[PDB]
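**Student:** Below are the structure tokens for one structure; questions will follow.
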Amino acid sequence: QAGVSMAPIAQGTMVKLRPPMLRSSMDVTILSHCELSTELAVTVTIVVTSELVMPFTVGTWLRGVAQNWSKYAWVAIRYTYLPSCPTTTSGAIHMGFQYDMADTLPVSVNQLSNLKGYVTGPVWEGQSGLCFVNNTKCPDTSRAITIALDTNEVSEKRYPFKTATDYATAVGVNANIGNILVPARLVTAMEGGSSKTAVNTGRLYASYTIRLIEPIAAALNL
Amino acid sequence: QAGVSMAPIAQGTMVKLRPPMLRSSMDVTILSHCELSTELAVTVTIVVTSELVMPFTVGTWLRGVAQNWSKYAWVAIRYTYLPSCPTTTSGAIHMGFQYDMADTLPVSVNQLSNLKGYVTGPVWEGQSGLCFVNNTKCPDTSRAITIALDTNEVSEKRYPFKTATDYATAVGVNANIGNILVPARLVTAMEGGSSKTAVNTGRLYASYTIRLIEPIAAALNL
Amino acid sequence: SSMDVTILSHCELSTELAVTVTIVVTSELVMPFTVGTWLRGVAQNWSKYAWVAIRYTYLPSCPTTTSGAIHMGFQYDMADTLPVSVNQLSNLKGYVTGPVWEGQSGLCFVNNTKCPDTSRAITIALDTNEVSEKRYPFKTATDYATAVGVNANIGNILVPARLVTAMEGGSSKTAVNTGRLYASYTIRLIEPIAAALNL
Amino acid sequence: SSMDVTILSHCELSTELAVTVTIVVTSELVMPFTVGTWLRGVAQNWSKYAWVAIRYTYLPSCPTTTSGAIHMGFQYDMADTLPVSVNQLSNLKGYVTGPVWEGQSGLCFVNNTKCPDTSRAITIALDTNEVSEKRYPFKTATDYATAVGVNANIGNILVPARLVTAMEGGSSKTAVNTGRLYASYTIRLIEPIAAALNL
Amino acid sequence: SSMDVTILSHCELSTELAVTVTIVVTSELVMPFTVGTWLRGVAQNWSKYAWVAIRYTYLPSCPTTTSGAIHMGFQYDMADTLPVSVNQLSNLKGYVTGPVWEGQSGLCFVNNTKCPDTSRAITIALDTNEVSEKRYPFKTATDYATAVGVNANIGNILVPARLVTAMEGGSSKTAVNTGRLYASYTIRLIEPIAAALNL
Ligand SMILES: [Ca+2]
Ligand SMILES: [Ca+2]
Ligand SMILES: [Ca+2]
Ligand SMILES: [Ca+2]
Ligand SMILES: [Ca+2]
């Protein structure tokens with residue numbers, strides 16, 4: 001049994017998220033969770049969207065808690081994708097990382113393909129990743145559509161917690177004031193398409209482990 | 001050596017707060033901390049102030065974190081006081097608990113004295129309590145000015161997290177809609193005085209242990 | 001010290017204070033320019049630097065009847081907002097309070113003894129691990145200021161942390177002097193420059 | 001080491017110099033873009049990097065009869081002022097100088113020869129240990145430029161250091177070509193990006 | 001070592017020289033104040049010190065075609081006379097000399113490079129062992145000056161030694177800039193004082 005596939009018509013995956021895990025050592029607090037991040041859809045043409053890997057931006061929950069603390073450090077951050085359409089849908093996905101907040105985004109798949117977590121897959125694929133979201137014991141991720149921060153090669157040792165707006169304002173002065181506020185931005189591409197009008201494909205989840213560190217009341221944190 | 005006191009001129013106490021402690025079991029999260037709650041000052045005359053023992057109201061930090069979760073349960077809540085003036089300052093302090101949000105506050109010390117944590121002391125006293133704030137190993141609290149919830153005799157098994165404003169609005173409809181939103185309110189009295197104009201005395205700290213329970217993003221919690 | 005690096009330790013009054021009827025909240029950057037005057041005049045002839053250790057301590061100087069308190073704590077992202085209240089301040093990294101007349105058990109830190117009793121030293125020391133930058137440039141108050149004025153986020157690379165001191169307490173609407181705050185540091189002086197040329 | 005990490009070592013021409021009657025002070029940013037046009041074209045393909053080593057050497061091209069001297073020192077606060085006098089410059093970090101005709105004992109750093117004489121060699125290597133940032137991003141002059149002009153303190157985020165070179169000598173108030181500056185580096189390249197997209 | 005004791009090492013420009021037709025003899029006190037303007041600004045912050053090491057090196061700035069020679073020797077009785085002739089000067093303590101164009105093999109002391117050639121290098125290091133006084137106080141020129149003029153024997157209390165430099169060479173009876181003298185020291189600073197108060 002080798003070199004023999006069986007093309008399904010649909011990949012089913014049932015996500016049942018696990019409760020957040022929080023645990024405090026003396027001054028550091030460690031949080032590990034996973035929330036859903038974005039929903040994706042394909043078009044006849046390329047489409048590059050992008051995301052800040054900062055805690056406010058990563059999760060709806062995250063932001064609300066992580067905000068009670070002055071500066072964090074990522075320990076792990078994973079973007080993993082999961083399909084919703086049948087294996088008949090046309091179009092693939094691509095993601096990779098970028099780091100100088102002043103760099104323009106790629107416009108070509110060609111381009112996109114040399115970034116740090118370059119990963120790509122037909123839009124109907126992705127169910128291998130499931131354990132990462134569920135966080136189960138992974139089977140064989142050979143084929144998953146995951147991307148993970150290169151946590152150890154970030155520029156700052158720690159980063160302050162920033163609110164979107166504070167960020168923005170800053171960035172607006174000079175885009176690379178930004179280069180402190182965030183360690184990296186994730187880049188997404190949806191090409192391959194069939195409809196000129198968007199077809200919804202999959203959705204992707206974030207899974208992190210962050211160090212929290214110098215308590216502040218939320219109201220004062222920007 | 002018995003029945004012999006030595007009147008100091010001032011009670012010194014150095015508070016050095018301990019880092020918050022958070023620890024998650026599966027769905028419940030447990031938080032234990034202590035923050036400063038109020039500052040007190042005396043006057044020639046009685047003065048009854050009062051406080052809601054709900055998480056938003058208890059601490060500046062608390063509120064910001066506790067807000068990421070749907071409903072909590074108190075496990076412990078302590079109000080402990082500490083002096084700042086010399087043992088020459090006139091006026092004592094009193095605190096006790098109240099529970100039907102519709103009940104009018106006491107106006108007499110007499111009155112005040114039959115409430116659930118009735119505790120009182122000259123305004124210059126209080127340094128016995130220190131361990132509770134520092135949380136050290138307590139020496140002899142015989143004479144401390146502390147008050148603690150009667151956690152096991154609260155009305156609801158769990159309470160939803162309420163924002164001040166949401167509370168208020170509710171209360172405004174009918175004061176005892178309130179009776180769900182909060183398990184009890186602390187009552188403070190400052191009499192004894194000397195100046196007609198307020199003299200600052202001590203300050204009091206809150207020390208809690210709360211159960212957190214059915215995660216919600218902050219933005220949606222009211 | 002190496003032939004490249006200089007290590008310097010010292011003590012100094014970083015600042016003097018009083019208390020009033022009401023609250024007053026100050027803040028002082030934990031930058032060698034602002035920590036004391038000597039550090040200033042010395043550090044000044046070095047381009048970069050690194051805090052090996054830094055600590056603020058208080059020493060009472062008023063009567064046992066002066067009524068009041070001191071509260072110190074640390075902030076680390078200059079975009080953040082100085083606590084309004086003491087309340088907010090009791091939640092910062094390093095919170096500490098004490099009656100304005102207590103604190104002389106701390107004298108050993110200005111001294112260098114081995115405070116057996118650190119139990120009642122009103123002191124505060126920086127979490128140098130958790131600092132964001134490996135090293136820091138020597139900024140002058142001015143330059144710093146002007147810089148911030150553009151977009152506070154920039155202060156984040158100009159400095160490790162800001163100390164917040166609250167002085168609530170009082171009897172007079174008239175400030176009454178209570179104490180003094182001294183600094184104890186072990187700076188890591190780093191790549192010479194001629195004073196005059198530094199900002 | 002070669003994974004996702006790329007290491008490469010090279011040696012090229014950073015720039016050429018000439019002397020006048022008076023003193024002229026220049027500065028070079030020490031970033032991959034501005035160090036040489038080669039590295040520049042190679043490094044653009046990666047998002048951020050860190051200097052494992054870099055160093056400037058000067059090689060004479062004159063007769064023994066020219067009149068001048070080169071000087072150089074590193075500076076690290078994109079915000080401080082350039083020296084304005086030999087003396088000032090004299091206490092920068094790699095202070096090094098000599099007559100515009102001396103220097104040959106430097107091929108070696110260029111050359112990549114093991115040569116037990118540094119005897120004299122107008123060479124200055126960076127103190128690649130005491131850089132502010134763990135790593136630095138690839139910044140393209142024009143951007144740098146732009147940013148630095150918002151506030152001359154942002155650059156501090158973007159570059160580990162700046163070389164100062166002063167040409168003082170003077171025979172003629174005309175400009176005399178005296179030699180060249182060569183950079184010798186070992187850089188560690190790291191998050192590949194399409195070249196075209198790197199500001 | 002860094003307690004209450006501070007050690008630091010630096011290297012800077014002590015002074016510049018030029019040659020005439022005739023012989024000119026100068027002298028430099030070798031005290032922190034007068035050694036350089038950097039040390040000077042750093043040392044003022046401390047009450048007394050002792051030289052662990054100090055040394056002057058000369059670096060050419062001319063063409064190979066200048067005409068002169070520098071000479072130098074240390075002297076230790078603020079009361080004896082300056083030499084008046086090469087010969088005399090010839091038997092001072094670091095006697096060293098060469099043509100104003102030689103010397104490059106000295107960057108090294110400046111440079112802080114290990115270089116197996118002192119082959120020739122117009123360098124003179126102090127015999128930091130045979131100083132009269134255990135330590136010396138920080139004296140500020142104008143004071144020194146003043147005192148020495150009471151009796152030229154008080155200075156002997158205030159400074160460990162004096163450098164003598166003679167510029168003899170002569171092409172022109174006009175003054176020709178030939179190079180500079182650089183000091184390289186390792187000083188041990190000791191009883192901190194407000195700068196402003198140190199005479
Ligand atoms: Ca912040
Ligand atoms: Ca609610
Ligand atoms: Ca500077
Ligand atoms: Ca770039
Ligand atoms: Ca003196």
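So you can find residues: chains in the structure tokens are A, B, ... in the order shown, residues in each start at 1, and ligands are numbered from 1 in order.
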9 Å from ligand 4 is the threshold here; counting only C-alpha atoms and all ligand atoms, which polymer residues fall inside it? Answer as a PDB file with C-alpha atoms, in the first residue's frame.
**Tutor:**
```
ATOM      1  CA  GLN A  98       7.547  39.210   7.354  1.00  0.00           C
ATOM      2  CA  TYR A  99       9.488  41.296   9.856  1.00  0.00           C
ATOM      3  CA  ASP A 100      10.500  44.921   9.058  1.00  0.00           C
ATOM      4  CA  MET A 101       7.163  46.658   9.409  1.00  0.00           C
ATOM      5  CA  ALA A 102       8.192  48.921   6.588  1.00  0.00           C
ATOM      6  CA  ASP A 103       8.441  46.198   3.978  1.00  0.00           C
ATOM      7  CA  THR A 104       5.803  46.110   1.300  1.00  0.00           C
TER       8      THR A 104
ATOM      9  CA  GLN D  44      18.597  42.556   0.234  1.00  0.00           C
ATOM     10  CA  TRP D  46      16.893  38.589   3.559  1.00  0.00           C
ATOM     11  CA  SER D  47      14.718  40.313   6.114  1.00  0.00           C
ATOM     12  CA  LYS D  48      17.013  40.875   9.144  1.00  0.00           C
ATOM     13  CA  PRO D 137      16.334  44.638   9.930  1.00  0.00           C
ATOM     14  CA  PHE D 138      17.420  45.354   6.426  1.00  0.00           C
ATOM     15  CA  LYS D 139      16.866  49.091   5.947  1.00  0.00           C
ATOM     16  CA  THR D 140      17.347  50.770   2.637  1.00  0.00           C
ATOM     17  CA  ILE D 193      12.410  38.038   1.424  1.00  0.00           C
ATOM     18  CA  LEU D 197      10.157  44.119  -1.391  1.00  0.00           C
ATOM     19  CA  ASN D 198      12.647  45.131   1.217  1.00  0.00           C
ATOM     20  CA  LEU D 199      12.632  48.730   2.398  1.00  0.00           C
TER      21      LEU D 199
END
```
**Student:** Among chain C, which residues carry a DSSP assignment of strand (DSSP E or B), reported as number ranges by chain?
**Tutor:** C: 6-19, 25-29, 46, 48-49, 51-60, 69-75, 93-99, 123-125, 136-137, 162-168, 176-189, 192
**Student:** Show me, as a PDB file with C-alpha atoms, in the first residue's frame, the residues of chain B whose atoms get within 7 Å of chain C, using only C-alpha atoms for the distance check.
**Tutor:**
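Result written to part26.pdb:
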```pdb
ATOM      1  CA  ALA B  10       3.219  56.000  65.849  1.00  0.00           C
ATOM      2  CA  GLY B  12       4.967  51.846  61.471  1.00  0.00           C
ATOM      3  CA  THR B  13       4.053  49.238  58.801  1.00  0.00           C
ATOM      4  CA  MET B  14       5.769  48.566  55.484  1.00  0.00           C
ATOM      5  CA  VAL B  15       3.559  46.877  52.928  1.00  0.00           C
ATOM      6  CA  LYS B  16       5.310  45.073  50.023  1.00  0.00           C
ATOM      7  CA  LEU B  17       2.626  43.382  47.985  1.00  0.00           C
ATOM      8  CA  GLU B  35      -4.911  45.415  46.052  1.00  0.00           C
ATOM      9  CA  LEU B  36      -5.416  48.655  47.959  1.00  0.00           C
ATOM     10  CA  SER B  37      -9.034  49.673  48.115  1.00  0.00           C
ATOM     11  CA  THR B  60      -8.441  48.144  39.740  1.00  0.00           C
ATOM     12  CA  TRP B  61      -6.666  45.053  38.572  1.00  0.00           C
ATOM     13  CA  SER B  84      -0.866  56.439  58.941  1.00  0.00           C
ATOM     14  CA  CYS B  85      -1.311  59.016  61.698  1.00  0.00           C
ATOM     15  CA  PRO B  86       0.278  59.180  65.105  1.00  0.00           C
ATOM     16  CA  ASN B 200      -6.447  61.618  56.760  1.00  0.00           C
TER      17      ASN B 200
END
```
**Student:** Pull out every residue of chain D that has at least one atom within 10 Å of chain C, counting only C-alpha atoms, and report them as a ChimeraX atom specification.
**Tutor:** /D:73-84,87-94,127,129-134,150-154,156-157
**Student:** Counting only C-alpha atoms and all ligand atoms, which protein, DNA or RNA residues come within 10 Å of ligand 2, given as a PyMOL selection string?
**Tutor:** chain B and resi 67-71+159-163+166-167+181+216+218+220-222
**Student:** Which chain B residues are at most 9 Å from chain A (counting only C-alpha atoms), as a PDB file with N, CA and C atoms, in the first residue's frame?
**Tutor:**
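Written output follows (iface19.pdb):
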```
ATOM      1  N   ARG B  18       2.564  41.179  47.258  1.00  0.00           N
ATOM      2  CA  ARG B  18       2.944  39.981  46.527  1.00  0.00           C
ATOM      3  C   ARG B  18       2.299  39.859  45.179  1.00  0.00           C
ATOM      4  N   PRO B  19       3.016  39.349  44.192  1.00  0.00           N
ATOM      5  CA  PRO B  19       2.552  39.151  42.803  1.00  0.00           C
ATOM      6  C   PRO B  19       1.294  38.336  42.759  1.00  0.00           C
ATOM      7  N   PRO B  20       0.437  38.624  41.812  1.00  0.00           N
ATOM      8  CA  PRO B  20      -0.844  37.924  41.720  1.00  0.00           C
ATOM      9  C   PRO B  20      -0.556  36.461  41.430  1.00  0.00           C
ATOM     10  N   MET B  21      -1.488  35.671  41.906  1.00  0.00           N
ATOM     11  CA  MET B  21      -1.390  34.263  41.701  1.00  0.00           C
ATOM     12  C   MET B  21      -2.658  33.745  40.987  1.00  0.00           C
ATOM     13  N   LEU B  22      -2.314  33.199  39.848  1.00  0.00           N
ATOM     14  CA  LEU B  22      -3.326  32.642  38.957  1.00  0.00           C
ATOM     15  C   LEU B  22      -3.094  31.179  38.684  1.00  0.00           C
ATOM     16  N   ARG B  23      -4.125  30.384  38.709  1.00  0.00           N
ATOM     17  CA  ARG B  23      -3.900  28.925  38.409  1.00  0.00           C
ATOM     18  C   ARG B  23      -5.277  28.372  38.097  1.00  0.00           C
ATOM     19  N   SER B  24      -5.288  27.835  36.930  1.00  0.00           N
ATOM     20  CA  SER B  24      -6.313  27.234  36.137  1.00  0.00           C
ATOM     21  C   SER B  24      -6.529  25.783  36.344  1.00  0.00           C
ATOM     22  N   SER B  25      -7.672  25.263  36.728  1.00  0.00           N
ATOM     23  CA  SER B  25      -7.793  23.744  36.820  1.00  0.00           C
ATOM     24  C   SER B  25      -8.412  23.398  35.495  1.00  0.00           C
ATOM     25  N   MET B  26      -9.496  22.745  35.302  1.00  0.00           N
ATOM     26  CA  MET B  26      -9.819  22.631  33.815  1.00  0.00           C
ATOM     27  C   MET B  26     -10.646  23.896  33.474  1.00  0.00           C
ATOM     28  N   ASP B  27     -11.898  23.960  33.856  1.00  0.00           N
ATOM     29  CA  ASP B  27     -12.718  25.114  33.506  1.00  0.00           C
ATOM     30  C   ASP B  27     -12.608  26.204  34.573  1.00  0.00           C
ATOM     31  N   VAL B  28     -12.225  25.818  35.772  1.00  0.00           N
ATOM     32  CA  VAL B  28     -12.194  26.995  36.707  1.00  0.00           C
ATOM     33  C   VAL B  28     -10.782  27.560  36.733  1.00  0.00           C
ATOM     34  N   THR B  29     -10.773  28.866  36.930  1.00  0.00           N
ATOM     35  CA  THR B  29      -9.506  29.568  37.070  1.00  0.00           C
ATOM     36  C   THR B  29      -9.594  30.105  38.509  1.00  0.00           C
ATOM     37  N   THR B  60      -8.794  47.529  41.022  1.00  0.00           N
ATOM     38  CA  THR B  60      -8.441  48.144  39.740  1.00  0.00           C
ATOM     39  C   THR B  60      -7.867  47.111  38.793  1.00  0.00           C
ATOM     40  N   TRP B  61      -7.279  46.100  39.417  1.00  0.00           N
ATOM     41  CA  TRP B  61      -6.666  45.053  38.572  1.00  0.00           C
ATOM     42  C   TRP B  61      -7.774  44.038  38.353  1.00  0.00           C
ATOM     43  N   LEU B  62      -8.178  43.576  39.544  1.00  0.00           N
ATOM     44  CA  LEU B  62      -9.231  42.566  39.494  1.00  0.00           C
ATOM     45  C   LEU B  62     -10.181  42.788  38.313  1.00  0.00           C
ATOM     46  N   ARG B  63     -10.871  43.879  38.349  1.00  0.00           N
ATOM     47  CA  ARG B  63     -11.875  44.207  37.347  1.00  0.00           C
ATOM     48  C   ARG B  63     -11.453  43.961  35.907  1.00  0.00           C
ATOM     49  N   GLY B  64     -10.227  44.333  35.585  1.00  0.00           N
ATOM     50  CA  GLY B  64      -9.677  44.184  34.267  1.00  0.00           C
ATOM     51  C   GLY B  64      -9.484  42.710  33.887  1.00  0.00           C
ATOM     52  N   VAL B  65      -9.173  41.837  34.838  1.00  0.00           N
ATOM     53  CA  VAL B  65      -8.962  40.429  34.456  1.00  0.00           C
ATOM     54  C   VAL B  65     -10.245  39.614  34.537  1.00  0.00           C
ATOM     55  N   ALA B  66     -10.802  39.716  35.731  1.00  0.00           N
ATOM     56  CA  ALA B  66     -12.036  39.017  36.126  1.00  0.00           C
ATOM     57  C   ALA B  66     -13.151  39.165  35.104  1.00  0.00           C
ATOM     58  N   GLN B  67     -12.971  40.226  34.327  1.00  0.00           N
ATOM     59  CA  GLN B  67     -13.922  40.615  33.268  1.00  0.00           C
ATOM     60  C   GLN B  67     -13.883  39.704  32.053  1.00  0.00           C
ATOM     61  N   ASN B  68     -12.833  38.896  31.953  1.00  0.00           N
ATOM     62  CA  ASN B  68     -12.705  37.988  30.796  1.00  0.00           C
ATOM     63  C   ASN B  68     -13.519  36.713  31.012  1.00  0.00           C
ATOM     64  N   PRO B 215     -15.603  31.619  30.447  1.00  0.00           N
ATOM     65  CA  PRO B 215     -14.882  32.579  29.609  1.00  0.00           C
ATOM     66  C   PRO B 215     -15.805  33.201  28.569  1.00  0.00           C
ATOM     67  N   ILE B 216     -15.602  34.497  28.420  1.00  0.00           N
ATOM     68  CA  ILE B 216     -16.299  35.381  27.501  1.00  0.00           C
ATOM     69  C   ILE B 216     -15.331  36.464  27.032  1.00  0.00           C
ATOM     70  N   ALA B 217     -15.401  37.045  25.859  1.00  0.00           N
ATOM     71  CA  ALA B 217     -14.379  38.112  25.545  1.00  0.00           C
ATOM     72  C   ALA B 217     -14.831  39.323  26.385  1.00  0.00           C
ATOM     73  N   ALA B 218     -13.878  40.128  26.792  1.00  0.00           N
ATOM     74  CA  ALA B 218     -14.307  41.276  27.684  1.00  0.00           C
ATOM     75  C   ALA B 218     -15.340  42.109  26.961  1.00  0.00           C
ATOM     76  N   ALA B 219     -14.973  42.656  25.814  1.00  0.00           N
ATOM     77  CA  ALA B 219     -15.964  43.452  25.078  1.00  0.00           C
ATOM     78  C   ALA B 219     -17.378  42.940  25.277  1.00  0.00           C
TER      79      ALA B 219
END
```
**Student:** Write out as number ranges by chain the residues lying within 12 Å of residue A:106, counting only C-alpha atoms and excluding same-chain residues fewer than 4 positions away.
**Tutor:** A: 46-50, 94-98, 110-115, 186-189; D: 193-198
**Student:** As number ranges by chain, which residues of stretch 80-197 of chain C does DSSP assign to helix (DSSP H, G or I)?
**Tutor:** C: 86-89, 107-111, 118-120, 128-130, 141-148, 152-158, 195-197
**Student:** Output N, CA and C atoms of each residue in that selection to a file, as a CSV table (one decimal), in the first residue's frame.
**Tutor:**
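What follows is the written file out-v1.csv:
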```csv
chain,number,residue,atom,x,y,z
C,86,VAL,N,-3.7,55.8,43.9
C,86,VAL,CA,-2.8,55.0,44.6
C,86,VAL,C,-3.1,53.5,44.3
C,87,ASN,N,-4.4,53.4,44.3
C,87,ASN,CA,-5.2,52.2,43.9
C,87,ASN,C,-4.5,51.6,42.7
C,88,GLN,N,-4.5,52.3,41.6
C,88,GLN,CA,-3.9,51.8,40.4
C,88,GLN,C,-2.4,51.5,40.7
C,89,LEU,N,-1.9,52.4,41.5
C,89,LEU,CA,-0.4,52.2,41.7
C,89,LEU,C,-0.1,51.0,42.6
C,107,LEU,N,18.9,52.3,55.6
C,107,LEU,CA,20.2,53.1,55.6
C,107,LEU,C,21.3,52.1,55.1
C,108,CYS,N,21.1,50.8,55.3
C,108,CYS,CA,22.3,49.9,55.0
C,108,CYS,C,22.5,50.0,53.5
C,109,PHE,N,21.5,50.2,52.7
C,109,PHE,CA,21.7,50.2,51.2
C,109,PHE,C,22.5,51.4,50.7
C,110,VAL,N,22.5,52.5,51.5
C,110,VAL,CA,23.2,53.7,51.1
C,110,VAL,C,24.6,53.6,51.7
C,111,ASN,N,24.7,52.7,52.7
C,111,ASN,CA,25.8,52.3,53.4
C,111,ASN,C,26.7,51.3,52.8
C,118,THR,N,15.6,43.4,55.9
C,118,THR,CA,15.0,44.2,54.7
C,118,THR,C,13.5,44.3,54.9
C,119,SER,N,13.0,43.7,55.9
C,119,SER,CA,11.6,43.7,56.2
C,119,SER,C,11.0,45.1,56.4
C,120,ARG,N,11.9,46.1,56.5
C,120,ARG,CA,11.2,47.4,56.8
C,120,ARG,C,12.0,48.6,56.3
C,128,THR,N,15.9,43.9,36.2
C,128,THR,CA,16.8,44.0,35.0
C,128,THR,C,16.8,42.8,34.1
C,129,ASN,N,16.2,41.7,34.4
C,129,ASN,CA,16.1,40.5,33.5
C,129,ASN,C,15.2,41.0,32.3
C,130,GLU,N,14.0,41.3,32.7
C,130,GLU,CA,12.9,41.7,32.0
C,130,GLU,C,13.0,43.0,31.3
C,141,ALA,N,17.9,64.8,29.1
C,141,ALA,CA,16.4,64.9,29.4
C,141,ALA,C,15.6,65.5,28.2
C,142,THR,N,16.3,66.4,27.6
C,142,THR,CA,15.8,67.2,26.5
C,142,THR,C,15.5,66.4,25.3
C,143,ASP,N,16.7,65.9,24.8
C,143,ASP,CA,16.6,65.0,23.6
C,143,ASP,C,15.4,64.0,23.8
C,144,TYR,N,15.6,63.4,25.0
C,144,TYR,CA,14.6,62.4,25.3
C,144,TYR,C,13.2,62.9,25.1
C,145,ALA,N,12.9,64.0,25.8
C,145,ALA,CA,11.6,64.7,25.8
C,145,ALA,C,11.2,64.9,24.4
C,146,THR,N,11.8,65.8,23.6
C,146,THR,CA,11.5,66.1,22.2
C,146,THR,C,11.2,64.9,21.4
C,147,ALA,N,12.0,63.8,21.7
C,147,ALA,CA,11.8,62.5,21.0
C,147,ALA,C,10.4,62.0,21.3
C,148,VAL,N,10.2,61.9,22.6
C,148,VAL,CA,8.8,61.3,23.0
C,148,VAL,C,7.8,62.1,22.3
C,152,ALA,N,5.3,58.8,21.9
C,152,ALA,CA,5.9,58.1,23.1
C,152,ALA,C,6.5,56.7,22.7
C,153,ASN,N,5.8,55.9,22.0
C,153,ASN,CA,6.4,54.6,21.6
C,153,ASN,C,7.9,54.7,21.5
C,154,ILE,N,8.5,55.7,20.9
C,154,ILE,CA,9.9,55.9,20.9
C,154,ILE,C,10.6,55.8,22.2
C,155,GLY,N,10.1,56.3,23.3
C,155,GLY,CA,10.8,56.2,24.6
C,155,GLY,C,11.1,54.8,24.9
C,156,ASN,N,10.1,53.9,24.5
C,156,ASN,CA,10.4,52.4,24.7
C,156,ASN,C,11.8,52.1,24.3
C,157,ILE,N,12.5,52.5,23.3
C,157,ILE,CA,13.9,52.1,23.1
C,157,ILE,C,14.8,53.1,23.8
C,158,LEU,N,14.3,54.2,24.3
C,158,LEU,CA,15.3,55.1,25.0
C,158,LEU,C,15.5,54.7,26.5
C,195,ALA,N,31.7,64.1,26.2
C,195,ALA,CA,30.5,64.6,26.8
C,195,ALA,C,29.6,65.5,26.0
C,196,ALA,N,30.3,66.5,25.6
C,196,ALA,CA,29.8,67.6,24.8
C,196,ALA,C,29.0,67.1,23.6
C,197,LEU,N,29.5,66.1,23.0
C,197,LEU,CA,28.8,65.4,21.9
C,197,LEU,C,27.6,64.6,22.2
```
**Student:** By how many Å are atom CA of residue A:207 and atom CA of residue A:76 apart?
**Tutor:**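 Taking atom CA of residue A:207 and atom CA of residue A:76, their separation equals 7.4 Å.
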**Student:** Just want the 7 Å neighbourhood of residue B:144, counted on only C-alpha atoms, with same-chain residues fewer than 2 positions away dropped. Output as a list in words.
**Tutor:** residues 126, 127, 128, 129, 141, 142 and 146 of chain B
